[PDB]
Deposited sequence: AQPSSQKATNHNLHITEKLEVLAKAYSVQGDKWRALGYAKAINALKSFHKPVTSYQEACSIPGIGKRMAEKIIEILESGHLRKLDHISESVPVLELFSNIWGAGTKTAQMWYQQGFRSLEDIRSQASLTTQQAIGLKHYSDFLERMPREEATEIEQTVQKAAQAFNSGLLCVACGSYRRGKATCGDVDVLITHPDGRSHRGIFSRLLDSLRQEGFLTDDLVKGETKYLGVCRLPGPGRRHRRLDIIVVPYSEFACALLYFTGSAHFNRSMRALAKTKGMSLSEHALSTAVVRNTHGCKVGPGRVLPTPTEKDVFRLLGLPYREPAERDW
């Protein structure tokens, strides 16, 4: 990354737009930052800046300004509210609209939120684990969490397949949470397990709080036994076997890789979601028994998970 003198400054703008709710401008900044972080050379021309995909006129100029003067004028005019909005929206279950409302109501600290804000069930859990949920775990801990869920699932039914995806499957040393995907080859026996499986995981004291408990996806909080353990975010998603390849691909990510893959599909008159690869104009679901089939039907060479870490 020969341009972190640029990307540091842009990252500040990106987050300011994100926490103020301008998600599209925030997306554009994010794309340009990612492009800047994988070019070979240091940029050093407005015509060089225009060179790279994801960088246009307005952002070329900003590189041209940090070009010469060494900083970016726009940074000095970011609203004083941004760090507080960032603080509030790092509560799980609070996004930009809730953060801006709390700010308008005069709240400025998590002590204000704790003492005086009306919190949803999810946000109260978010607040209780504010520090824990900002911490990444070693991938070795992610393995223990997966094997905990797997053990509990394979007790009620031997055939259940359980795979940790996200950054874990992409090979990262750190993980922000553990994303566990469960299916069954019989195509049948995957339904209705949650009641049994979550009650089991509660039997241990392993599951500590539930954030979402739907028919198909569970999001909550777990903690392994012993001293020195932190609470960790856990997602468990159950899918029919026919959709396993697309779900594996979606939940393995990364999010920018999936975004790149949806765009490529659209250029071919298809669509790609966590459930299926389809034709589109809805369209026809194409058969994808393996991740390799998704790439092949998109005319792409297969990429192992570790090379999807975009």
Exercise. Please list, in sequence order, every stretch of the deposited sequence that lacks C-alpha coordinates.
Key: 1-9, 291-300
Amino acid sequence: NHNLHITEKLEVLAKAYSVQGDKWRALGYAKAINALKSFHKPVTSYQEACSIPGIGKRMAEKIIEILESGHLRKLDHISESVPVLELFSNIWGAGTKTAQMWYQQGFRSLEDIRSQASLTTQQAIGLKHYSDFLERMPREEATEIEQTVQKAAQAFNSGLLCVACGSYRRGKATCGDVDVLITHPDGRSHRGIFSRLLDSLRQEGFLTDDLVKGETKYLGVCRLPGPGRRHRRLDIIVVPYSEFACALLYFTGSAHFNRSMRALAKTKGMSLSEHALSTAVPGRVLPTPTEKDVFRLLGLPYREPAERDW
From here on, numbers count along this sequence of modelled residues.
Practice problem: Could you settle it for me: does 184-192 or 161-169 have the higher average Cα B factor in the PDB entry? | Solution: 184-192
Quiz item: On average, are the C-alpha B-factors higher in 242-250 or in 44-52?
Solution: 44-52
Self-check item: Largest Cα B-factor, entry values, listed residues 36, 27, 255, 276
Solution: 36
Exercise. Would you mind checking where the Cα B-factor of residue 205 ranks among the modelled residues of its chain, as the lowest, middle or highest third?
Key: highest
Quiz item: Is the Cα B-factor recorded for residue 154 in the lowest, middle or highest third of its chain?
Solution: highest
Self-check item: residue 112 CA temperature factor, ranked by third within the chain
Solution: lowest
Self-check item: Relative C-alpha B-factor of residue 224, binned into the chain's lowest, middle or highest third
Solution: middle
Quiz item: Split the chain's modelled residues into thirds by Cα B-factor; is residue 91 in the lowest, middle or highest one?
Solution: lowest
